[PDB]
Amino acid sequence: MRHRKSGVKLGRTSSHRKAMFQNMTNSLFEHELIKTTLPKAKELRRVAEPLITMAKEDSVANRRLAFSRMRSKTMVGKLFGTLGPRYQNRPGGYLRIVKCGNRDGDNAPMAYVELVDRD
Amino acid sequence: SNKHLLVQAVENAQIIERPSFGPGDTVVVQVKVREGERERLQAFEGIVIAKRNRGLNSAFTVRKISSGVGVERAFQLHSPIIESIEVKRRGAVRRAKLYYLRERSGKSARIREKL
Amino acid sequence: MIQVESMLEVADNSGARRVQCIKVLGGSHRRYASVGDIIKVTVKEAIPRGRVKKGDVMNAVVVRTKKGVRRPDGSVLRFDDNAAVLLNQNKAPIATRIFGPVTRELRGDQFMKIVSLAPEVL
Amino acid sequence: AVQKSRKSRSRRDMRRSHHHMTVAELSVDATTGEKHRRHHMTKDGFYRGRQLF
Amino acid sequence: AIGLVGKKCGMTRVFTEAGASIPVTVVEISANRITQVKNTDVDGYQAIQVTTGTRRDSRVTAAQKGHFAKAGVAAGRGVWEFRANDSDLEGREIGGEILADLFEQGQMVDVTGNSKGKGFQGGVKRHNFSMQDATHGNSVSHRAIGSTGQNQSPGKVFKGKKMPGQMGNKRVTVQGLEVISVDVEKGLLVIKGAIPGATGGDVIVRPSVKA
RNA sequence: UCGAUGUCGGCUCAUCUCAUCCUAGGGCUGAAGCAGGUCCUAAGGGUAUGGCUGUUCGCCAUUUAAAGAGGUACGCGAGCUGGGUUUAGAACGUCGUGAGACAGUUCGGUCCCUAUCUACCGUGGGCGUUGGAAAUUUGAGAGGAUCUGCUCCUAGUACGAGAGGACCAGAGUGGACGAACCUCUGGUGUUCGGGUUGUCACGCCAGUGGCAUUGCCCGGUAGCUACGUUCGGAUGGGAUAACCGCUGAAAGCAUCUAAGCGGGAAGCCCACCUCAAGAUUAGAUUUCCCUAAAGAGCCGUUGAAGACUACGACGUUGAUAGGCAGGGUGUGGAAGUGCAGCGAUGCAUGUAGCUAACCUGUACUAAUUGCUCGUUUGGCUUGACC
RNA sequence: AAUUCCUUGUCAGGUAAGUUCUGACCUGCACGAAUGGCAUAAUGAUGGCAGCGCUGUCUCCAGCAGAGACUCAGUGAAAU
RNA sequence: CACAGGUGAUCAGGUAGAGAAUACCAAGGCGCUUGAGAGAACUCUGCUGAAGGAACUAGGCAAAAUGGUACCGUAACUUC
């Protein structure tokens, strides 16, 4: 059974799943527009948006907490430099998913993940 | 607070006021005992080793060493069985649940006072 | 929660030290005995020159369990050992002293001299 | 484990009577006028009057 | 013999002054609007049809919209019918009202609901089949069914054989439950028991048939 | 049946019989009572755990209301096991000159098969049901369930020389079984919080991260769950079984029977719960709609619903999901800074920081009035009515 | 008794209960002295029996993680 | 067979460590030529488990448990 449970498995260990979404969040923060699988796109909203929320107020503790969960000093500086003071007044929903068909290699449902407000 | 609005109403109307106490403290619980027809208050002194805070569903277990063998009792906090609770000694512990004291007996089953 | 082949401390002045449950009485396939339930035991360790010899088969009452006994308010009451008090051939205590506390589920008519001699009755 | 007699061609085709191909739902985008799958961006990137590139 | 439809709101406890905890469950009782009264002359049997809750207009069909309009009641989230008798069809007129007042404290009631669904389940959980040895050379049949029949005689599996399949998600009735408290201004119905289903599910409460 | 039908026992899962072990109803009794003994009726339920042995069995221990006798390829190895029997090694006793042999023993010794059809358990698609649609339903029928202890009282009464000790009535409390549920008591809780060992890295310190079973350890939310909780097995109706009758002749009497009128079982039929119009006899009621309508579906957001389905909710006239806000819960005292200390560390700022799935809200993001299917009053005969 | 059929021999011990085990008896179907007899420290992935510890072996299974199973896309067997 | 097997010798970094064990890394080399979903039964491989603790079973099979260094201490028996 799966009643009221949350989270994805995606055929990975939890250590792999944690590292894969850390990489995706860093990639989405750099390019601001990535193409990925739709199930991965939907779950990326649960790891990437809470980092943007905590960067809305900037402090060493918050800055250090983001780096703990991101481990990318280039994206953590970008998260608190531009992504923070761009979504300050936005109450969530910092990125949008747009379905873009199916993948050629395996017919996986694809979707673009774009940050709102000029990504 | 963790439940549907209308279960919270059935739960707020049943709340007894009680002094605050953390795990690690020594408390005396006055328990309502009925022999055949007469009501008295039996006292259960001991260490609070665990408490779950669930509003009306709150509970706390108290461990005492009654004549050799150790006894634990998980009192239901908001229950008219509990006449009263008073804290004698405030404890200084590093963990919500003091389950490790079940393997401690004498000079090692003791905890520092919070001042 | 006492079942067959489970060792119980002896909580009375009967000479027995440890007894093992060999039957949970009161039902065809009755699995478990809690406090107040009558069991058949074999005494495994006895005190020298006592009232009960090692290897006797007799009746006992469960007086405290490690699983614990529930109360009407929902509280549980757990002990650190599983203890029993040896009984007669008509299921009556043979004790003049009770060691350790017992619970208040022994109130009745047949286990009254167990509650009165108990140091503490929870 | 295995059959005791070969299935007839008729019986084999009755098992194939639920074997259909899924047909995608399509729509015309308001801006570009192009045909695209429902709830999906158009091949050049337009979805619901919005650009992606 | 008529009851009312509610929504399971979750479980809690009610403490008695004597110091007993009563496991209760909260049932929200919205207005039960009477959408049709069926009688022996028009339908062949006597019953009351009620609705409760709400539906937006866009989600109400024209056929249902006219069914409710004839009664004069707002569209509810569903429509339920209670089998009645002549005594039960006394003050029950079309478009009437059925509150939690139908029940009183200390009354035994029958509650019906859809159980939580467990999906496909094996014989061990669905039918309390004994598990087979976890060790002692047991091959890959630890939670297997075991034998399903005899030999050449009868040479089949009998109908009604206990096997894996869908568990839960079925209509289930629990009888002999007491009404702990009734409150009609807030649409309350506190009942002693378990009440099949999850929080949010529709439950039907009727006076107990055992009596 | 030898171009192969696997042997005993165990496990799992059963199904039936009645020559009935318990419970139920009776007649007789060397039936006072309590207990029995026989025989009749009765198959609705129920009908142990162990020690020994490969055992079935049997003996024994302790229970139980009782621990039934049987059929089912001595039920069940394409469901499991492999202890015995019954391969090849080896040995003892015995027989044989011997190679070897032994319903003699002993130590050891590969159990394959992805299920086509029937059957069964679930879950769908199609078409039909005299136009179509949304709902609600009746119930021909089918299944489930059906067990029982003990205590109190009647009453220490009836009965009995005593020992002992009721029927019939009523009150409670269990055991086994089943269902639902998660409030409680717990279990788990690998995207929650901490402690900590080794090593590597983030420039370095500090702080963190990877890996070592989630590294190990201590707790723990939701959900799931039992050993936890709640509920259930009806004391009712009808007709009966054995059995007991009433009146009553054949047969002046007698006689339960031939006419006629009764009582009477856990058994049968209802009653309870679930399913049920493919009940092709395809039922009923309320509405809605017919020059593509009423609706249904696709698609999307999804759900204590779920293998896929189906079912449920929602799609901007919106709280469906995620986020977000505020709470709750859990962990237990963040970081930084300051203070004390030589230091490890302790203290304060501050019950802090973090907090999955929980609660309540909130359009910030994603749910596009897009497409497809589905019409145009529903044949004929008769009767009543008009 | 790695020998004993009758046989679960008898008696003692161990267990609540022991066709196995240990001790003894001798009625050796059918031991017995280099196809060696009786013991024997140490040694053995050797046989039997009995304990402590420990446990999902079990009462009675529950939850969780990963790989399949299930769905989609691609390739595409088998015995019969 | 682009097959989880087998195939002799040589070189032998760091931090821990007795070590060529083991864990994490260096140089160097790889991610093992179907993926994407879902998160049923059931199977496999693991983790945790109330109370009990061999009641399981042919049999503690499997699992659980023990595990290092130093010091103390250690019985029957013995071929010393």
# chains A, B, ... in the order shown; residues from 1 in each chain; ligands from 1
>>> residues_around(residues="range 94-110 of chain A", least_positions_apart="2", cutoff="10 Å", atoms="only C-alpha atoms (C1' of nucleotides)", output="number ranges by chain")
A: 28, 32-42, 44-45, 48-50, 52-53, 83, 86-87, 90-92, 112-117, 119; D: 36-43, 45-47, 52; F: 323, 364-366; G: 72-74; H: 34-37
>>> residues_around(residues="residue 370 in chain F", least_positions_apart="6", cutoff="10 Å", atoms="only C-alpha atoms (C1' of nucleotides)", output="MDAnalysis selection string")
(chainID D and resid 25:29 38:39) or (chainID F and resid 299)
>>> write_last_selection(atoms="N, CA, C and O atoms (P, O5', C5', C4', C3', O3' and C1' of nucleotides)", output="PDB file, in the first residue's frame")
ATOM      1  N   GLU D  25      -4.534  13.117 -28.512  1.00  0.00           N
ATOM      2  CA  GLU D  25      -5.450  14.241 -28.613  1.00  0.00           C
ATOM      3  C   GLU D  25      -4.694  15.481 -29.064  1.00  0.00           C
ATOM      4  O   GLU D  25      -3.693  15.862 -28.455  1.00  0.00           O
ATOM      5  N   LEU D  26      -5.177  16.113 -30.125  1.00  0.00           N
ATOM      6  CA  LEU D  26      -4.489  17.236 -30.735  1.00  0.00           C
ATOM      7  C   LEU D  26      -5.297  18.515 -30.578  1.00  0.00           C
ATOM      8  O   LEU D  26      -6.495  18.494 -30.287  1.00  0.00           O
ATOM      9  N   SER D  27      -4.612  19.640 -30.770  1.00  0.00           N
ATOM     10  CA  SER D  27      -5.237  20.951 -30.693  1.00  0.00           C
ATOM     11  C   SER D  27      -4.481  21.917 -31.591  1.00  0.00           C
ATOM     12  O   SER D  27      -3.367  21.642 -32.041  1.00  0.00           O
ATOM     13  N   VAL D  28      -5.112  23.055 -31.849  1.00  0.00           N
ATOM     14  CA  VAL D  28      -4.526  24.129 -32.638  1.00  0.00           C
ATOM     15  C   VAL D  28      -4.134  25.252 -31.692  1.00  0.00           C
ATOM     16  O   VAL D  28      -4.965  25.739 -30.916  1.00  0.00           O
ATOM     17  N   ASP D  29      -2.868  25.657 -31.744  1.00  0.00           N
ATOM     18  CA  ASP D  29      -2.384  26.722 -30.879  1.00  0.00           C
ATOM     19  C   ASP D  29      -2.929  28.065 -31.340  1.00  0.00           C
ATOM     20  O   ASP D  29      -2.999  28.345 -32.539  1.00  0.00           O
ATOM     21  N   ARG D  38      -2.581  18.014 -27.163  1.00  0.00           N
ATOM     22  CA  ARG D  38      -3.251  18.713 -26.075  1.00  0.00           C
ATOM     23  C   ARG D  38      -2.378  18.745 -24.827  1.00  0.00           C
ATOM     24  O   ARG D  38      -1.802  17.728 -24.432  1.00  0.00           O
ATOM     25  N   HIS D  39      -2.290  19.925 -24.205  1.00  0.00           N
ATOM     26  CA  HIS D  39      -1.527  20.151 -22.979  1.00  0.00           C
ATOM     27  C   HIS D  39      -0.028  19.954 -23.184  1.00  0.00           C
ATOM     28  O   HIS D  39       0.701  19.664 -22.236  1.00  0.00           O
TER      29      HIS D  39
ATOM     30  P     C F 299      -6.444   9.788 -22.199  1.00  0.00           P
ATOM     31  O5'   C F 299      -6.027  11.317 -22.166  1.00  0.00           O
ATOM     32  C5'   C F 299      -5.373  11.913 -23.273  1.00  0.00           C
ATOM     33  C4'   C F 299      -5.333  13.410 -23.143  1.00  0.00           C
ATOM     34  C3'   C F 299      -4.843  13.942 -21.811  1.00  0.00           C
ATOM     35  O3'   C F 299      -3.433  13.918 -21.693  1.00  0.00           O
ATOM     36  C1'   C F 299      -6.802  15.090 -22.429  1.00  0.00           C
TER      37        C F 299
END
>>> residues_around(residues="range 55-62 of chain H", least_positions_apart="6", cutoff="7 Å", atoms="only C-alpha atoms (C1' of nucleotides)", output="JSON, numbers by chain")
{"C": [4, 5], "E": [135, 136], "F": [54, 83], "G": [57, 58]}
>>> write_last_selection(atoms="N, CA, C and O atoms (P, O5', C5', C4', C3', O3' and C1' of nucleotides)", output="PDB file, in the first residue's frame")
ATOM      1  N   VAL C   4       3.243 -20.709  26.861  1.00  0.00           N
ATOM      2  CA  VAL C   4       3.932 -21.924  27.271  1.00  0.00           C
ATOM      3  C   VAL C   4       5.423 -21.823  26.946  1.00  0.00           C
ATOM      4  O   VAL C   4       5.833 -21.176  25.974  1.00  0.00           O
ATOM      5  N   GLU C   5       6.238 -22.477  27.776  1.00  0.00           N
ATOM      6  CA  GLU C   5       7.697 -22.366  27.732  1.00  0.00           C
ATOM      7  C   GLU C   5       8.145 -20.918  27.887  1.00  0.00           C
ATOM      8  O   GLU C   5       8.920 -20.401  27.087  1.00  0.00           O
TER       9      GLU C   5
ATOM     10  N   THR E 135      12.287 -21.069   6.823  1.00  0.00           N
ATOM     11  CA  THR E 135      13.547 -21.792   6.714  1.00  0.00           C
ATOM     12  C   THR E 135      13.175 -23.258   6.554  1.00  0.00           C
ATOM     13  O   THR E 135      12.073 -23.586   6.104  1.00  0.00           O
ATOM     14  N   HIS E 136      14.121 -24.144   6.856  1.00  0.00           N
ATOM     15  CA  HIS E 136      13.901 -25.587   6.809  1.00  0.00           C
ATOM     16  C   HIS E 136      13.690 -26.051   5.371  1.00  0.00           C
ATOM     17  O   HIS E 136      12.835 -26.887   5.086  1.00  0.00           O
TER      18      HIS E 136
ATOM     19  P     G F  54      13.774 -40.807  14.292  1.00  0.00           P
ATOM     20  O5'   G F  54      12.640 -40.102  13.425  1.00  0.00           O
ATOM     21  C5'   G F  54      12.919 -38.974  12.608  1.00  0.00           C
ATOM     22  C4'   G F  54      11.901 -38.838  11.504  1.00  0.00           C
ATOM     23  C3'   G F  54      10.454 -39.093  11.896  1.00  0.00           C
ATOM     24  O3'   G F  54       9.832 -37.954  12.466  1.00  0.00           O
ATOM     25  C1'   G F  54      10.968 -40.304   9.929  1.00  0.00           C
ATOM     26  P     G F  83      16.469 -36.013   4.088  1.00  0.00           P
ATOM     27  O5'   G F  83      16.213 -36.769   5.459  1.00  0.00           O
ATOM     28  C5'   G F  83      16.173 -36.099   6.709  1.00  0.00           C
ATOM     29  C4'   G F  83      15.491 -36.975   7.721  1.00  0.00           C
ATOM     30  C3'   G F  83      15.136 -38.359   7.196  1.00  0.00           C
ATOM     31  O3'   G F  83      16.192 -39.289   7.353  1.00  0.00           O
ATOM     32  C1'   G F  83      13.201 -37.352   8.054  1.00  0.00           C
TER      33        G F  83
ATOM     34  P     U G  57      14.386 -16.494  11.267  1.00  0.00           P
ATOM     35  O5'   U G  57      13.573 -17.762  11.761  1.00  0.00           O
ATOM     36  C5'   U G  57      13.331 -18.834  10.873  1.00  0.00           C
ATOM     37  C4'   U G  57      12.893 -20.082  11.588  1.00  0.00           C
ATOM     38  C3'   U G  57      11.466 -20.110  12.098  1.00  0.00           C
ATOM     39  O3'   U G  57      10.521 -20.361  11.074  1.00  0.00           O
ATOM     40  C1'   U G  57      12.917 -20.992  13.737  1.00  0.00           C
ATOM     41  P     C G  58       9.224 -19.432  10.916  1.00  0.00           P
ATOM     42  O5'   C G  58       8.311 -19.822  12.155  1.00  0.00           O
ATOM     43  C5'   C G  58       7.913 -21.165  12.386  1.00  0.00           C
ATOM     44  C4'   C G  58       7.447 -21.355  13.804  1.00  0.00           C
ATOM     45  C3'   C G  58       6.301 -20.463  14.244  1.00  0.00           C
ATOM     46  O3'   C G  58       5.035 -20.963  13.857  1.00  0.00           O
ATOM     47  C1'   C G  58       8.004 -20.426  15.879  1.00  0.00           C
TER      48        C G  58
END
>>> select_by_dssp(residues="range 16-177 of chain E", states="helix (DSSP H, G or I)", output="mmCIF file with N, CA and C atoms, in the first residue's frame")
data_model
loop_
_atom_site.group_PDB
_atom_site.id
_atom_site.type_symbol
_atom_site.label_atom_id
_atom_site.label_comp_id
_atom_site.auth_asym_id
_atom_site.auth_seq_id
_atom_site.Cartn_x
_atom_site.Cartn_y
_atom_site.Cartn_z
ATOM 1 N N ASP E 57 -22.474 23.770 -9.960
ATOM 2 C CA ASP E 57 -23.432 23.593 -11.047
ATOM 3 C C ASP E 57 -22.786 22.940 -12.262
ATOM 4 N N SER E 58 -21.553 23.330 -12.583
ATOM 5 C CA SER E 58 -20.868 22.760 -13.739
ATOM 6 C C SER E 58 -20.705 21.256 -13.623
ATOM 7 N N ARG E 59 -20.760 20.717 -12.412
ATOM 8 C CA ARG E 59 -20.577 19.297 -12.176
ATOM 9 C C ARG E 59 -21.892 18.576 -11.900
ATOM 10 N N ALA E 62 -27.949 17.950 -16.208
ATOM 11 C CA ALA E 62 -29.277 18.521 -16.396
ATOM 12 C C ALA E 62 -30.358 17.605 -15.843
ATOM 13 N N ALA E 63 -30.180 16.291 -15.986
ATOM 14 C CA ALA E 63 -31.145 15.347 -15.432
ATOM 15 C C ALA E 63 -31.179 15.424 -13.912
ATOM 16 N N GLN E 64 -30.009 15.521 -13.278
ATOM 17 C CA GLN E 64 -29.962 15.678 -11.829
ATOM 18 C C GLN E 64 -30.452 17.054 -11.406
ATOM 19 N N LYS E 65 -30.129 18.082 -12.190
ATOM 20 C CA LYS E 65 -30.560 19.434 -11.860
ATOM 21 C C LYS E 65 -32.078 19.531 -11.808
ATOM 22 N N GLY E 66 -32.768 18.832 -12.710
ATOM 23 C CA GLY E 66 -34.219 18.816 -12.670
ATOM 24 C C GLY E 66 -34.776 17.943 -11.566
ATOM 25 N N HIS E 67 -34.059 16.876 -11.205
ATOM 26 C CA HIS E 67 -34.484 16.039 -10.089
ATOM 27 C C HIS E 67 -34.457 16.818 -8.781
ATOM 28 N N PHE E 68 -33.405 17.611 -8.570
ATOM 29 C CA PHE E 68 -33.306 18.428 -7.366
ATOM 30 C C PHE E 68 -34.296 19.583 -7.398
ATOM 31 N N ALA E 69 -34.495 20.183 -8.573
ATOM 32 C CA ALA E 69 -35.369 21.347 -8.681
ATOM 33 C C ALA E 69 -36.804 21.002 -8.310
ATOM 34 N N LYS E 70 -37.260 19.801 -8.671
ATOM 35 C CA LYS E 70 -38.605 19.382 -8.298
ATOM 36 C C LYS E 70 -38.753 19.305 -6.785
ATOM 37 N N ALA E 71 -37.728 18.801 -6.098
ATOM 38 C CA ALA E 71 -37.748 18.782 -4.640
ATOM 39 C C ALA E 71 -37.631 20.187 -4.065
ATOM 40 N N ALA E 100 -29.139 15.786 12.650
ATOM 41 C CA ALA E 100 -28.609 14.807 13.590
ATOM 42 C C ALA E 100 -29.563 14.538 14.744
ATOM 43 N N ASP E 101 -30.610 15.353 14.892
ATOM 44 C CA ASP E 101 -31.652 15.119 15.885
ATOM 45 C C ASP E 101 -32.275 13.738 15.767
ATOM 46 N N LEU E 102 -32.094 13.067 14.627
ATOM 47 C CA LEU E 102 -32.675 11.745 14.429
ATOM 48 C C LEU E 102 -32.212 10.754 15.488
ATOM 49 N N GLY E 123 -3.265 -14.466 0.047
ATOM 50 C CA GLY E 123 -4.080 -15.265 0.949
ATOM 51 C C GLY E 123 -3.742 -15.074 2.417
ATOM 52 N N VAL E 124 -2.483 -14.754 2.721
ATOM 53 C CA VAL E 124 -2.060 -14.606 4.112
ATOM 54 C C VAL E 124 -2.757 -13.418 4.765
ATOM 55 N N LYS E 125 -2.808 -12.287 4.074
ATOM 56 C CA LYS E 125 -3.471 -11.118 4.628
ATOM 57 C C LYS E 125 -4.968 -11.112 4.365
ATOM 58 N N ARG E 126 -5.400 -11.532 3.176
ATOM 59 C CA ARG E 126 -6.812 -11.478 2.816
ATOM 60 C C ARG E 126 -7.659 -12.484 3.583
ATOM 61 N N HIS E 127 -7.111 -13.658 3.895
ATOM 62 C CA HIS E 127 -7.905 -14.746 4.445
ATOM 63 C C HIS E 127 -7.277 -15.378 5.678
#
>>> residues_around(residues="range 81-86 of chain C", least_positions_apart="6", cutoff="7 Å", atoms="only C-alpha atoms (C1' of nucleotides)", output="PyMOL selection string")
chain C and resi 8-12+59-66+93-94
>>> closest_residue(among="F:158, F:367, F:312, F:80", to="residue 201 in chain E", atoms="only C-alpha atoms (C1' of nucleotides)")
F:312
>>> residues_around(residues="residue 40 in chain C", least_positions_apart="6", cutoff="6 Å", atoms="only C-alpha atoms (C1' of nucleotides)", output="ChimeraX atom specification")
/C:22-23,58-59
>>> write_last_selection(atoms="N, CA and C atoms", output="PDB file, in the first residue's frame")
ATOM      1  N   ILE C  22       3.752 -24.184  31.479  1.00  0.00           N
ATOM      2  CA  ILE C  22       3.497 -25.353  30.645  1.00  0.00           C
ATOM      3  C   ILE C  22       2.060 -25.423  30.154  1.00  0.00           C
ATOM      4  N   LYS C  23       1.169 -24.567  30.654  1.00  0.00           N
ATOM      5  CA  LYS C  23      -0.184 -24.484  30.127  1.00  0.00           C
ATOM      6  C   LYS C  23      -0.802 -23.148  30.506  1.00  0.00           C
ATOM      7  N   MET C  58       2.332 -27.590  39.243  1.00  0.00           N
ATOM      8  CA  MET C  58       1.285 -27.002  40.063  1.00  0.00           C
ATOM      9  C   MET C  58       0.736 -25.755  39.385  1.00  0.00           C
ATOM     10  N   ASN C  59      -0.179 -25.088  40.080  1.00  0.00           N
ATOM     11  CA  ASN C  59      -0.868 -23.917  39.566  1.00  0.00           C
ATOM     12  C   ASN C  59      -0.188 -22.641  40.037  1.00  0.00           C
TER      13      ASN C  59
END
>>> atom_distance(atom1="CA of residue 47 in chain E", atom2="CA of residue 81 in chain E")
6.7 Å
>>> closest_atom_pairs(of="chain E", to="chain H", cutoff="9 Å", atoms="only C-alpha atoms (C1' of nucleotides)", output="CSV")
residue,atom,partner,partner_atom,distance
E:118,CA,H:40,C1',8.7
E:119,CA,H:40,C1',6.2
E:120,CA,H:40,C1',5.0
E:121,CA,H:41,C1',5.1
E:122,CA,H:41,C1',5.2
E:123,CA,H:41,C1',8.8
E:133,CA,H:56,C1',8.7
E:134,CA,H:62,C1',8.4
E:135,CA,H:62,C1',5.6
E:136,CA,H:61,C1',5.1
E:137,CA,H:61,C1',7.1
E:140,CA,H:43,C1',6.2
E:141,CA,H:43,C1',8.0
E:143,CA,H:42,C1',7.5
E:144,CA,H:42,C1',7.6
E:164,CA,H:41,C1',6.7
E:165,CA,H:41,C1',7.5
>>> write_last_selection(atoms="N, CA and C atoms", output="compact mmCIF listing (two decimals), in the first residue's frame")
# COMPACT_ATOMS: atom_id res chain seq x y z
N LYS E 118 -7.12 -2.11 0.24
CA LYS E 118 -5.76 -2.60 0.29
C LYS E 118 -5.26 -3.07 -1.06
N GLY E 119 -6.07 -2.96 -2.10
CA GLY E 119 -5.68 -3.42 -3.41
C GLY E 119 -5.61 -4.94 -3.46
N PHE E 120 -4.83 -5.42 -4.42
CA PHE E 120 -4.52 -6.83 -4.52
C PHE E 120 -3.79 -7.30 -3.27
N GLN E 121 -4.30 -8.34 -2.63
CA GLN E 121 -3.68 -8.89 -1.43
C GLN E 121 -3.63 -10.41 -1.51
N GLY E 122 -2.60 -10.99 -0.90
CA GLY E 122 -2.44 -12.42 -0.91
C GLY E 122 -3.30 -13.13 0.11
N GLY E 123 -3.27 -14.47 0.05
CA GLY E 123 -4.08 -15.26 0.95
C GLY E 123 -3.74 -15.07 2.42
N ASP E 133 6.94 -22.27 6.17
CA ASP E 133 8.25 -22.16 6.81
C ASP E 133 9.13 -21.11 6.14
N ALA E 134 9.71 -20.24 6.96
CA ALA E 134 10.68 -19.27 6.47
C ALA E 134 12.05 -19.91 6.24
N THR E 135 12.29 -21.07 6.82
CA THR E 135 13.55 -21.79 6.71
C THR E 135 13.18 -23.26 6.55
N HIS E 136 14.12 -24.14 6.86
CA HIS E 136 13.90 -25.59 6.81
C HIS E 136 13.69 -26.05 5.37
N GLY E 137 14.47 -25.48 4.46
CA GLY E 137 14.49 -25.91 3.09
C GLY E 137 13.38 -25.38 2.22
N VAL E 140 10.41 -21.23 -2.85
CA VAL E 140 10.00 -19.86 -3.09
C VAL E 140 8.50 -19.74 -2.92
N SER E 141 7.96 -20.45 -1.93
CA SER E 141 6.53 -20.48 -1.63
C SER E 141 6.27 -20.17 -0.15
N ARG E 143 4.79 -17.29 1.25
CA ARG E 143 3.43 -16.80 1.38
C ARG E 143 2.52 -17.39 0.32
N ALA E 144 2.82 -18.59 -0.14
CA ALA E 144 2.01 -19.23 -1.16
C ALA E 144 0.69 -19.72 -0.58
N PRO E 164 -5.92 -14.95 -3.49
CA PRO E 164 -5.61 -13.50 -3.60
C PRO E 164 -6.59 -12.77 -4.50
N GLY E 165 -6.65 -11.47 -4.29
CA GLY E 165 -7.57 -10.62 -5.01
C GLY E 165 -7.70 -9.28 -4.32
>>> atom_distance(atom1="CA of residue 54 in chain A", atom2="CA of residue 79 in chain A")
9.6 Å
>>> residues_around(residues="range 19-34 of chain G", least_positions_apart="6", cutoff="8 Å", atoms="only C-alpha atoms (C1' of nucleotides)", output="PyMOL selection string")
(chain F and resi 52-53+93-94) or (chain G and resi 3-5+8+10-13+48-49)
>>> interface_residues(of="chain B", to="chain E", cutoff="7 Å", atoms="only C-alpha atoms", output="list in words")
residues 4, 7, 79, 80 and 81 of chain B
